[PDB]
Structure formats: structure tokens, C-alpha cells
Amino acid sequence: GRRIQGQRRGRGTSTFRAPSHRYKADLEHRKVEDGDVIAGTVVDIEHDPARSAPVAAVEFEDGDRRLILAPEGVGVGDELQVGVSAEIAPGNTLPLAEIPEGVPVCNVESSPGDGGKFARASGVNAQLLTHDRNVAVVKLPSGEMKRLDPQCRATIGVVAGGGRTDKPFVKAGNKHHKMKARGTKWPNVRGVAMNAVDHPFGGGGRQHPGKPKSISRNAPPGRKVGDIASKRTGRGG
Amino acid sequence: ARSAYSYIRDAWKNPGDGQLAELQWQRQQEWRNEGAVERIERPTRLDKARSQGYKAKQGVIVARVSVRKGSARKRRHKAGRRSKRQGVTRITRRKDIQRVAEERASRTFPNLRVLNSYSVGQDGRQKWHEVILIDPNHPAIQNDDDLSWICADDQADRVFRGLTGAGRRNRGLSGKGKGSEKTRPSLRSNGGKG
Amino acid sequence: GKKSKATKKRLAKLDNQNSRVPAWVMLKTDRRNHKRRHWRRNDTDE
Amino acid sequence: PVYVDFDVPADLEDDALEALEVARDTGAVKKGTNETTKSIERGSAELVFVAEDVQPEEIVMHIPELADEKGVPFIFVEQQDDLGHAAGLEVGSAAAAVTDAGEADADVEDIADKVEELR
RNA sequence: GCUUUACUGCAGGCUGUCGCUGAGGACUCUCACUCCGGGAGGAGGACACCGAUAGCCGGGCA
RNA sequence: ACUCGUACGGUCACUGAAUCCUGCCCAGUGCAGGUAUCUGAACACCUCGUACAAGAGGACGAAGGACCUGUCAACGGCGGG
RNA sequence: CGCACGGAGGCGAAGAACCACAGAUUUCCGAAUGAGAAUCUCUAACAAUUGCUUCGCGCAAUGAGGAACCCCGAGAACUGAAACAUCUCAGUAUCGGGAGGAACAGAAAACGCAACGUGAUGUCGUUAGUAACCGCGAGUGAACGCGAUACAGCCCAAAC
Ligand SMILES: [Cl-]
Ligand SMILES: [Cl-]
Ligand SMILES: [Cl-]
Ligand SMILES: [K+]
Ligand SMILES: [Mg+2]
Ligand SMILES: [Mg+2]
Ligand SMILES: [Mg+2]
Ligand SMILES: [Mg+2]
Ligand SMILES: [Mg+2]
Ligand SMILES: [Mg+2]
Ligand SMILES: [Mg+2]
Ligand SMILES: [Mg+2]
Ligand SMILES: [Mg+2]
Ligand SMILES: [Mg+2]
Ligand SMILES: [Mg+2]
Ligand SMILES: [Mg+2]
Ligand SMILES: [Mg+2]
Ligand SMILES: [Mg+2]
Ligand SMILES: [Mg+2]
Ligand SMILES: [Mg+2]
Ligand SMILES: [Mg+2]
Ligand SMILES: [Mg+2]
Ligand SMILES: [Mg+2]
Ligand SMILES: [Mg+2]
Ligand code: NA
Ligand code: NA
Ligand code: NA
Ligand code: NA
Ligand code: NA
Ligand code: NA
Ligand code: NA
Ligand code: NA
Ligand code: NA
Ligand code: NA
Ligand code: NA
Ligand SMILES: [Sr+2]
Ligand SMILES: [Sr+2]
Ligand SMILES: [Sr+2]
Ligand SMILES: [Sr+2]
Ligand SMILES: [Sr+2]
Ligand SMILES: [Sr+2]
Ligand SMILES: [Sr+2]
Ligand SMILES: [Sr+2]
Ligand SMILES: [Sr+2]
Ligand SMILES: [Sr+2]
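Residues numbered from 1 in each chain as written, not as in the entry; some residues may be left out. Chains lettered and ligands numbered in written order. Part of a larger assembly, values for the part shown. Heavy atoms only, no water.

**As for the overall build of chain D**
Per the secondary structure count, chain D includes 5 helices and 4 strands. Each helix and strand of chain D, ordered N terminal to C terminal, gives the series α-β-α-β-α-β-α-β-α. Computed over C-alpha atoms, the radius of gyration of chain D comes to 13 Å, within 12% of the 14 Å expected from 2.2 N^0.38 for 119 residues, which places it in the range of a compact globule. Each of the three principal axes of chain D carries a C-alpha extent, and together these read 35 × 35 × 30 Å. (Helix = DSSP H or I, 4+ residues; strand = E, 2+ residues; numbered from the N terminus. Rg over C-alpha atoms; globule rule 2.2 N^0.38 Å.)

**Remarks on the interface of chain B and chain D**
Opposite the 19 residues of chain B that make contact, chain D presents 15 residues. Counting the surface chain B buries against chain D, the share from its top three residues, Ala4, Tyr7 and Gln19 of chain B, is 36%. Summed over the shared surface of chain B and chain D, the result is 1 salt bridge. With a closest N to O distance of 2.7 Å, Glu58 of chain D and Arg27 of chain B form a salt bridge. In this structure, the connection of chain B to chain D is made through 7 residue pairs in polar contact. Those elements that provide at least two residues to the side of chain B that touches chain D are α1 (5–11) and α2 (18–31) of chain B. (Contact = heavy atoms within 4.5 Å. Buried area = accessible area lost by both parts, 1.4 Å probe. Salt bridge = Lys/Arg side-chain N within 4 Å of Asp/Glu carboxyl O. Polar contact = N/O pair within 3.5 Å; in protein donor to acceptor, adjacent residues only side chain to side chain.)

**Details of the sheet that holds strand β10 (residues 153–156) of chain A**
Two pairing modes exist for strands in a sheet, parallel and antiparallel, and in both the strands are linked by backbone hydrogen bonds. All names here are of chain A. Read from one edge of the open sheet, 6 strands run β5-β10-β6-β7-β8-β9, paired in antiparallel fashion. What marks the edges here is a single partner per strand, and that holds for β5 (93–95) and β9 (145–148). Sheet twist, expressed as the mean angle between neighbouring strand axes with direction ignored, is 45°. Bridging between strand β7 (residues 126–130) and strand β8 (residues 136–139) involves 3 bridges; their strand directions are antiparallel. The partner of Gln127 across the bridge, within β8, is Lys139. (Pairing = 2+ DSSP bridges. Axes fitted to C-alpha atoms, helices over the stretch in contact; angles between N-to-C directions.)

**Quick notes on the protein's contact with RNA strand F**
Residues and elements named next belong to chain A. Neighbouring RNA strand F are 60 residues; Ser20, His208, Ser214, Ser230 and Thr233 lie closest to it. Here RNA strand F approaches the protein such that, of its atoms within 4 Å, sugar and phosphate make up 76%. A distance of 2.9 Å separates a phosphate oxygen of RNA strand F from a polar backbone atom of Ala18. Between RNA strand F and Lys231 there is a distance of 2.9 Å, counted from a base nitrogen to a backbone nitrogen or oxygen. Among the elements of the structure, α1 (5–9), β11 (214–215) and β12 (227–228) are those that each provide at least two residues to the surface near RNA strand F. A breakdown of the residues in the surface near RNA strand F according to their chemical character gives 18 nonpolar, 24 polar and 18 charged. (Near = heavy atom within 4 Å. Nonpolar A, V, L, I, M, F, W, Y, C, P; charged D, E, K, R; others polar.)

**A few points about the sheet that holds strand β1 (residues 29–31) of chain D**
Residue and element names in this part refer to chain D. Read from one edge of the open sheet, 4 strands run β1-β4-β2-β3, paired in mixed fashion. Each edge of the sheet is formed by a strand with only one pairing partner; in this case those strands are β1 and β3 (74–77). For this sheet, the mean angle separating the axes of adjacent strands, direction not counted, is 20°. Relative to strand β4 (residues 95–99), strand β2 (residues 45–51) runs antiparallel, the two being bridged by 5 bridges. Bridge pairing in β4 links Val50 to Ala95.

Pasting the structure below:
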């Protein structure tokens with residue numbers, strides 16, 4: 001047959017690539033040595049084309065104009081502090097050890113000094129729970145208990161732009177516009193609507209899948225379609 | 001009496017034992033951070049170098065080359081192939097890793113000619129060989145009664161035509177009698193059956 | 001279209017080649033330009 | 001480094017190289033690793049010198065173990081070119097040997113005794 | 001051309017084993033090696049990666 | 001590549017606005033979890049054999065399978081008397 | 001005073017034409033090398049990679065071409081087997097790299113008419129469709145020796 005759509009994806013052609021040249025900033029945490037004497041004023045609130053949520057333009061004490069991942073309730077004029085001895089206020093970045101338990105946090109690092117990996121999408125947050133000399137247990141937006149190094153930096157507050165998922169797209173045109181700003185080929189043609197040559201579920205006199213949809217983990221690319229290694233399917237039971 | 005050289009030789013008989021075990025554990029850390037072809041002032045195995053033809057003279061160059069371990073880096077067939085020709089994993093190249101090393105070195109030094117080479121060990125992912133190269137245009141070599149043969153026009157690109165010792169061994173030319181029917185005078189004259 | 005200096009020299013040569021075999025060559029050889037190119041009917045390079 | 005099991009002080013090294021300079025103008029010395037090795041094997045070596053900046057280490061590697069089973073004393077010099085100049089060469093030397101000292105036999109005996117105290 | 005519980009094979013995934021690979025039937029360590037950190041240094045660690053081989057799945061492909 | 005992205009994400013599929021709804025079935029097939037016991041390759045190890053080797057056998061036993069469980073908005077099924 | 005027999009004119013006994021050898025000139029692009037470019041352009045150039053080195057491109061090297069031949073790598077399928085998978089087509093077609101006027105080979109850790117024998121290597125004739133391989137099917141297929149051709153043997157590493 002012919003390579004399926006998921007295989008054409010990896011080749012990284014124009015149709016599948018993100019419009020990186022139209023993107024603003026790689027929202028990472030600032031590099032401080034030790035001292036905390038790094039603070040800044042918020043100059044503007046901009047729209048980030050990569051995440052459909054707002055991003056705050058901050059100017060630091062040493063004269064560095066950088067775009068930071070904006071939490072909720074951060075405006076122009078507000079002072080934000082980045083460092084170890086930083087104030088426990090919304091919009092400030094300090095390591096998980098210094099942040100008190102039961103406080104909603106965002107833009108959490110995986111390995112200390114990476115710049116933030118977890119809890120970055122609109123309105124989400126990570127919950128800091130347990131403290132130790134060795135480990136800081138953070139509850140990620142999926143409900144998972146992630147055991148992290150207490151030296152991993154994070155910004156206090158929930159991410160801005162909450163409730164985005166609440167309003168429906170209503171029409172295909174609105175989806176079109178959102179998708180033109182992402183690294184995704186859209187619209188989606190069902191495999192069941194294709195020819196046998198194009199997809200494992202293609203073919204037939206009527207539209208139905210060939211074999212069952214739940215595919216093994218060990219399945220090769222070109223066959224791994226439908227429900228990938230499903231523990232279960234359906235709603236009931 | 002024994003030469004000092006015989007001790008470098010006896011150490012290299014077991015590169016995983018003694019002082020050499022510790023030496024190679026240290027050296028390979030620096031080698032893994034080095035390039036594909038690294039020119040070195042002095043050979044790691046002086047005995048083997050001198051035995052192969054090296055001289056501490058002008059126009060005599062040595063270079064360490066790292067080539068990857070394992071079989072062929074083969075692409076699977078994109079057209080119709082019978083079961084016998086459908087393999088990828090078990091296919092190995094006909095040229096040995098030492099010969100790949102000699103060729104890579106000769107390309108890094110277009111003006112020089114490969115004299116010989118030898119192994120200087122391996123780790124889990126790559127192998128290292130030091131290649132002795134010679135400048136055919138330097139008068140220090142054009143006047144050397146032991147090395148001036150390499151200056152002849154017919155010795156140009158000798159490695160790419162399999163004229164090296166590693167070349168001749170890999171071509172199956174070692175045996176002068178039984179077993180070398182399809183190898184001598186060349187693999188090509190014998191219809192590529194060697 | 002915009003032509004370069006070299007393109008202009010080439011087009012110029014093609015125009016010069018488009019001339020007839022002079023009257024005197026017909027008398028010298030005692031009795032035809034095979035490279036007769038028209039702007040519409042034929043096609044040049046580039 | 002791998003063949004070096006003890007560090008020799010800058011003062012002891014100064015004494016050693018000075019004793020080598022008067023060993024060539026009075027007695028007799030062997031210059032180069034091959035000639036040093038043969039001296040230890042033949043027994044003619046009174047005191048053997050070895051450089052610490054030898055790359056590759058294989059050239060010199062055998063001297064500390066060969067001298068131990070032949071009773072010949074050895075000392076470490078930091079630099080290769082200093083040992084070569086002390087032997088009377090324009091170039092450097094990885095190893096040198098004193099084949100019967102001259103008017104330095106008292107100094108050589110003391111250097112051999114100072115090295116044993118330093119293990 | 002296409003399909004599959006047709007025949008035979010080939011990729012790919014999973015898994016054991018050997019090499020890299022080290023110190024004191026479960027365990028500690030750090031020195032290779034990997035990753036994070038601009039750096040200092042931090043996480044991991046003889047595992048993982050990679051090379052080799054073995055069993056299973058394997059119309060994804062021939 | 002996705003990705004100047006991080007679960008309010010994005011990948012893989014099905015259905016196809018709204019409204020009222022979406023029953024029963026896990027035996028087969030698929031996927032997934034578990035598993036006393038059974039089965040389960042090579043290396044190393046033990047026995048036999050060979051002054052060595054080929055080779056025969058044993059012990060151990062991974063994933064997988066048997067076996068058990070979950071799952072149908074998973075492939076599908078919803079009859080005869 | 002070319003092919004090319006015209007018109008005009010001219011050159012040649014100051015020995016032209018014509019031929020042989022050697023030399024002069026030899027635009028631009030082209031390996032194309034200062035940088036760029038569809039044969040042009042912009043502001044001193046071995047670009048790039050190397051060896052030597054006065055460590056300065058100072059002295060050198062490589063690159064690209066050539067009818068096929070040659071050497072080193074990568075390596076099909078139609079086809080044949082009256083299907084077809086091993087086998088066959090075939091190490092063929094084709095592809096990558098490279099030398100020369102020829103390449104490659106080459107002075108035995110050989111042979112093994114087992115010998116009280118031969119004596120570097122190619123090649124030619126033969127050995128022979130023999131030995132050997134093979135769904136032991138179809139097919140595949142040497143060598144030693146012999147008769148010839150031409151002949152030529154040497155240098156390091158180490159010991160000291
Ligand atoms: Cl979306
Ligand atoms: Cl060469
Ligand atoms: Cl004979
Ligand atoms: K075939
Ligand atoms: Mg970022
Ligand atoms: Mg949705
Ligand atoms: Mg797009
Ligand atoms: Mg659709
Ligand atoms: Mg259709
Ligand atoms: Mg149709
Ligand atoms: Mg298909
Ligand atoms: Mg339908
Ligand atoms: Mg349907
Ligand atoms: Mg030939
Ligand atoms: Mg005109
Ligand atoms: Mg990295
Ligand atoms: Mg098929
Ligand atoms: Mg429809
Ligand atoms: Mg140019
Ligand atoms: Mg066929
Ligand atoms: Mg046939
Ligand atoms: Mg038949
Ligand atoms: Mg054949
Ligand atoms: Mg024979
Ligand atoms: Na070369
Ligand atoms: Na063969
Ligand atoms: Na035209
Ligand atoms: Na067709
Ligand atoms: Na069922
Ligand atoms: Na000319
Ligand atoms: Na040049
Ligand atoms: Na220069
Ligand atoms: Na047929
Ligand atoms: Na057929
Ligand atoms: Na066969
Ligand atoms: Sr970074
Ligand atoms: Sr990042
Ligand atoms: Sr279908
Ligand atoms: Sr239900
Ligand atoms: Sr060349
Ligand atoms: Sr026209
Ligand atoms: Sr020196
Ligand atoms: Sr509806
Ligand atoms: Sr079931
Ligand atoms: Sr002869």
C-alpha cells in the first residue's frame with residue numbers, strides 16, 4: 001500500500017510543520033546565579049500565537065526585555081521577582097522548596113534549570129503537596145503525583161487564559177484559523193472513508209473498520225492506528 | 001638483550017590487563033571527544049609503527065581514526081526483491097573497519113599516501129586505528145632508500161585501490177596456494193567471486 | 001522580460017546568424033542557410 | 001602518571017639533573033629509552049632517569065617494574081627537554097641512564113638513598 | 001493493484017544474553033557512560049544508549 | 001517533525017449541528033492487567049561423549065502462550081425449539 | 001591569398017604558398033581556486049583540504065578530463081527451473097571511489113603427479129565439463145601438474 005497520514009507527518013514537511021517564523025518567544029525562566037536581586041516591571045501583555053493564551057512582556061533591573069509565561073492577575077506596572085529569596089506573590093518564580101504547601105503553581109521544571117516544562121497551557125495548574133529534603137511532590141493537571149527535585153523552579157498562580165475550552169468553535173472556519181497557527185494538518189478524513197491502499201481501515205462496500213480497533217503496542221508504524229494499546233474501550237462497565 | 005620496543009608490544013598483547021587497561025580507560029575518554037580523524041605527533045604503539053614502516057622523519061604523518069562498530073548501515077529495498085535479497089540486519093560490508101579507517105584518513109590528507117595502519121582499541125560503539133601516512137613530495141622521503149617507492153606515480157591513491165597491507169589481506173591475497181584461486185591476481189579478474 | 005548583458009550578446013549573435021548566404025558564395029561554389037530561424041515559427045535558447 | 005607511584009620534590013630533581021651533567025663530562029651516560037632499558041637488563045646501570053611528560057606512556061611504562069627486579073634505582077624528572085639537555089642533547093629524552101658515574105658517585109649514592117625514603 | 005488466521009520471508013516493537021562494564025538472589029557505591037546546568041555543579045549510573053545474538057508478536061513491507 | 005508546544009496539551013481513531021435517547025452480550029476475535037502452577041530460546045552452568053570438537057541430556061527460565069480477570073461509543077452478535 | 005571555380009585588391013626571387021620541429025600570442029566560462037553570477041560582475045586572493053615550514057600561502061600537493069582496458073567498493077530484475085521460494089540469470093546491468101600507459105599480481109608460514117620431487121607472478125594451450133556444488137532438480141564448476149610465453153630478484157622491523 002501507500003504510507004498512512006501519520007507516516008507522512010514525521011518527514012517534517014511544510015504541511016505538517018508549525019509556523020515557527022510567526023511565533024514570539026520560547027518562554028523559559030531567567031538564569032540567576034544566587035542572590036535573588038533580579039526583579040522587573042511588566043511593560044505589556046501580548047497574545048502568544050503558539051499557545052492561544054496571554055504572555056507578559058517584562059523588563060528586568062539589568063535591562064533585559066524578555067517575554068514571560070503570564071499567570072492570572074498580572075498587569076502593567078506590577079513588579080515580579082525571580083530568585084531564591086523571592087516574595088510568595090502571584091507571578092513570581094522561586095524553587096519548589098521555598099514555595100509553601102497547598103499553593104497552585106505553574107510553569108514547573110522537570111530537571112532544575114531547564115526553564116519550565118509542566119503546567120503551561122491555558123488555565124491549568126500544578127498543586128504543590130509534600131515537602132522533604134530530597135523530594136517535592138507536585139500534582140500535575142492530569143491528576144498525576146510527580147515526584148520532583150525541590151530545586152526545580154516554578155511560577156506561582158494558575159496560567160492565564162482560563163476557560164478557553166468552555167466556548168464551542170461553532171463553525172469549521174473558527175477551527176481553520178486556530179489550526180493555521182499550529183503544527184497540525186486539518187481537516188481529518190476518517191480512515192474508514194479511505195481506500196485500502198491508504199489506511200488499515202480503508203476499503204469495503206460500506207464504512208466499517210477491517211479488524212478490531214484496539215492495536216498492540218508492538219505494532220509497526222503503518223499499522224498502529226485506531227485505539228493504541230487500549231486498557232479498555234467504551235463508557236459503560 | 002630485549003629492546004624497549006618489545007615491552008610496548010608485550011603490553012598490547014593484552015589491552016585489558018595491567019597498566020594499559022588503566023591507560024586505555026583514561027585515553028578513550030579524550031578520544032570519544034576528539035574528531036573523526038585526529039593527527040597525532042607520536043604513535044601510541046611505537047613498536048608496531050616502526051615494524052610497519054614508520055620513521056621519526058619529515059613527511060611521515062600519523063593519524064587516529066574512529067569508525068563505528070558493527071555490520072552494514074543498510075537501507076531496506078524499496079522495490080521488488082526475492083526473499084534472499086530482502087535482508088537488512090545480517091548484511092555486513094566486504095571491507096573491514098580498518099580499511100574504512102585508512103580511506104577516511106587518506107581523504108583528510110589528499111596529498112599524502114597510506115603506508116600502513118594498526119588497531120589501538122575499541123569501546124562499545126566504535127573502533128580506533130592509527131594510520132601512517134607519507135608525503136611523496138617531500139625531499140626527505142624522495143631520498144629515503146626505504147620509503148621512496150611510495151613516490152612513484154602508480155602508488156597514487158594506493159588505499160582506494162586496495163594496495164595497502166590491510167587491503168591485500170581483506171582481498172584474500174595472504175595464501176599463495178590453496179584457497180586463493182578466485183583472489184589472485186585480483187578479485188575483479190576472477191569475476192568477483194573471492 | 002529583462003535581459004542580462006550576456007543574454008543580449010547571445011540574442012545578437014542569433015540575429016546575425018539569421019542572415020542569408022551572400023551572393024558571391026553562390027558564384028564561388030558554382031551553386032542555402034540551414035540555420036534559418038524565425039521569431040514566431042522557431043524557438044531560441046533560455 | 002600511571003607509572004608514577006611517588007612525587008619527587010623540585011629540590012631533589014635539581015640535585016639529580018646536576019649530577020647527570022657531571023656524569024657525562026667525567027663518567028659515561030646512556031641517552032634514550034632503548035639504551036636505558038638495555039642498561040637495566042645488562043646490569044651496567046647505576047641510576048636511571050625517567051620523564052613524567054611522556055606521551056604515549058607505553059614508551060616508558062616498563063622502567064619502574066624492570067628496575068625493581070634488577071635492583072637498579074630510578075628517579076622521576078618532570079620534563080622531557082630538561083633530561084635531554086642534562087644528557088647533553090639538543091632534543092629531549094624520555095629516559096636516561098648513568099652507566100658508571102664519575103666524580104658524582106657520592107651524590108648518586110645519596111640520591112638513590114633519598115628516593116627509597118620517599119618509597 | 002488490493003486482502004487475509006494462503007506459502008515463504010523482510011522491517012519494526014517487546015524480551016533474555018554478551019560486549020561497553022567499574023568498586024564494596026537481593027543490595028550499596030562511583031570512575032566509565034547518559035541527561036540537566038552558562039558555570040560551579042545537579043540527576044541517573046554500571047543501568048540506559050549503542051554493537052551482537054536469541055525467543056515472541058509482526059500483510060507495516062517483499 | 002510534532003515543538004518558540006506541555007494534559008484547557010497533541011497524538012490515534014470512531015461518530016457527525018441541535019432535541020429525545022443510546023437496551024442486552026466479554027463465548028470467539030482484538031487490546032490490556034494479573035498469574036500458584038504448566039509451557040517457553042540463546043549465553044553461562046552441571047552430566048554423558050570426544051586426550052579436544054562435533055553431538056546427546058539436565059538444571060535455570062525472559063517476553064510470549066496456557067490459565068484468570070477487565071473491556072463493546074472494540075471487531076461484532078442479539079436465534080431455533 | 002582554407003572548405004569555396006566571385007568581384008576588388010594584395011602577397012611572393014628581401015624565396016611566399018605549403019610541410020616538419022621548436023617558440024610567441026592565446027578573450028570569457030569551464031576542476032575553476034578572492035567573492036558572487038545562466039559565459040557576466042563586485043572589492044587583492046593557491047577557494048577548500050593537506051605536508052613542509054623562515055609559521056608568511058614562503059615552498060609544495062590534491063581537485064578535473066580520457067575510447068575502452070585496469071583496480072577497490074555497492075549490487076538488481078526480467079529470465080531459466082516449462083509454476084516457484086534455495087538455485088539460475090549474475091557478482092551480470094547499473095551505481096560510488098581510484099591509478100596507469102597498461103593495470104593488478106609477485107619471490108612460499110607454497111605445492112603435496114607423497115617425492116632421493118617442484119621452486120616468485122601474470123598469461124596462453126591443456127588438465128576438464130574432470131574433482132567439487134546442487135528443491136542431488138534445472139543447472140553450476142575449479143586446482144595441482146604439464147606444454148608454452150617471459151623470466152629477476154630484493155628492502156625493512158629487531159638483535160649488536
Ligand atoms: Cl484544537
Ligand atoms: Cl593513499
Ligand atoms: Cl611438482
Ligand atoms: K528470481
Ligand atoms: Mg518555552
Ligand atoms: Mg473537542
Ligand atoms: Mg498550516
Ligand atoms: Mg472526518
Ligand atoms: Mg471511496
Ligand atoms: Mg471504489
Ligand atoms: Mg493496507
Ligand atoms: Mg455510516
Ligand atoms: Mg460505520
Ligand atoms: Mg589481470
Ligand atoms: Mg537585420
Ligand atoms: Mg543535550
Ligand atoms: Mg502481499
Ligand atoms: Mg456522512
Ligand atoms: Mg568565482
Ligand atoms: Mg519472477
Ligand atoms: Mg520460470
Ligand atoms: Mg522441477
Ligand atoms: Mg556460479
Ligand atoms: Mg592446489
Ligand atoms: Na591521499
Ligand atoms: Na568466496
Ligand atoms: Na519563438
Ligand atoms: Na492492477
Ligand atoms: Na466476547
Ligand atoms: Na594556441
Ligand atoms: Na595549488
Ligand atoms: Na602558509
Ligand atoms: Na517456464
Ligand atoms: Na508466474
Ligand atoms: Na540449490
Ligand atoms: Sr535551554
Ligand atoms: Sr523549554
Ligand atoms: Sr474497511
Ligand atoms: Sr453500556
Ligand atoms: Sr587523486
Ligand atoms: Sr508559437
Ligand atoms: Sr621532543
Ligand atoms: Sr445528534
Ligand atoms: Sr474477550
Ligand atoms: Sr624463474
